[PDB]
């Protein structure tokens, strides 16, 4: 019975400052990147991801909120069974630890008009063995809305934060996968009808022989996890040839710089 005798006072410990201190060190994880590389589909397309944009993508992310990029690329001359990823497009987005939220409008830009879309890459906190039902649903909805996404040519690369490192795996949807994903409204983790036959691993390699580039939004940045209000599923955006700013950049959270200053 210490009410009055023993009295302590609570001191705020706002959540994102720890995550920011943590994200400042992500660059260490980019020296130990591993691809799952299981002997799956030796005859499907192969996907080469340039290391430069992957390191950048890891470095601009958060350790709990997922970020996503769109993949654009091309097949190397007289070798059509290879898809070299040439570009990663960052669009206005927000995320939770299980899913990412993007505008329904796909990227459009002259620089992109020569390339084909190859699906998307996203980060996730842990190394699940199967492809997420949220991922299968997201990919299928996207496909249903955009005929330029061949279910046989577009893939989903998950970048999972294994301790001290970064493990990459690449999947694609199966026909039954597409058909189930497009009709799924259960945002939960065990929705009705989900099946492991809905996806299959595709081979993926990390290269150094060439370099990717980034396109970013023209009038803003890509991160809206501090402005999720201002994010809209129907928002339109232009792009520009520039490199994305890291997750906790000042322009991503202008509230933190204006509120506590003016008040």
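Positions refer to the first chain, counted from 1. Between two forms, the rigid core is the largest collection of C-alphas that superpose within 1.5 Å.
Novice: Any chance you could tell me whether 10-18 or 246-254 drifts more in 7 other deposited structures of this protein, judged by RMS CA distance from this form after superposing on the core?
Specialist: Higher root mean square deviation of C-alphas in 7 other deposited structures of this protein is shown by 10-18.
Novice: Could you tell me which of the two stretches, 57-65 or 35-43, has its Cα atoms lying farther from the shown structure in 7 other deposited structures of this protein after fitting on the rigid core?
Specialist: Higher root mean square deviation of C-alphas in 7 other deposited structures of this protein is shown by 35-43.
Novice: In the PDB record, does 17-25 or 235-243 carry the higher mean Cα temperature factor?
Specialist: Of 235-243 and 17-25, the stretch with the higher C-alpha B-factor average is 17-25.
Novice: Going by the B-factors listed in the PDB entry, is the mean over the C-alpha atoms higher for 254-262 or for 1-9?
Specialist: Higher mean C-alpha B-factor in the PDB entry: 1-9.
Novice: Would you mind finding, among 154, 185, 123, 148, the residue with the largest C-alpha temperature factor in the entry?
Specialist: Highest C-alpha B-factor among the listed residues goes to 185.
Novice: Among 138, 93, 79, 158, which residue carries the highest C-alpha B-factor recorded in the PDB entry?
Specialist: Among 138, 93, 79, 158, the highest C-alpha B-factor in the entry belongs to 79.
Novice: Please place residue 35 in the lowest, middle or highest third of its chain by C-alpha B factor as given in the entry.
Specialist: Tercile = highest for this residue's CA B-factor.
Novice: According to the PDB entry, is the CA B factor of residue 192 in the bottom, middle or top third of its chain, that is, lowest, middle or highest?
Specialist: Highest third of the chain for residue 192's C-alpha B-factor.
Novice: Ranking the modelled residues of this chain by C-alpha B-factor as given in the entry, is residue 108 in the lowest, middle or highest third?
Specialist: For residue 108, whose C-alpha B-factor we compare with every modelled residue in the chain, the answer is the middle third.
Novice: Would you mind ranking residue 224 by its C-alpha B-factor against the rest of the chain and naming the third, lowest, middle or highest?
Specialist: Middle third of the chain for residue 224's C-alpha B-factor.
Novice: Ordered by C-alpha B-factor within the chain, which third holds residue 43? Give me lowest, middle or highest, please.
Specialist: Answer is highest: the recorded C-alpha B-factor places it there.
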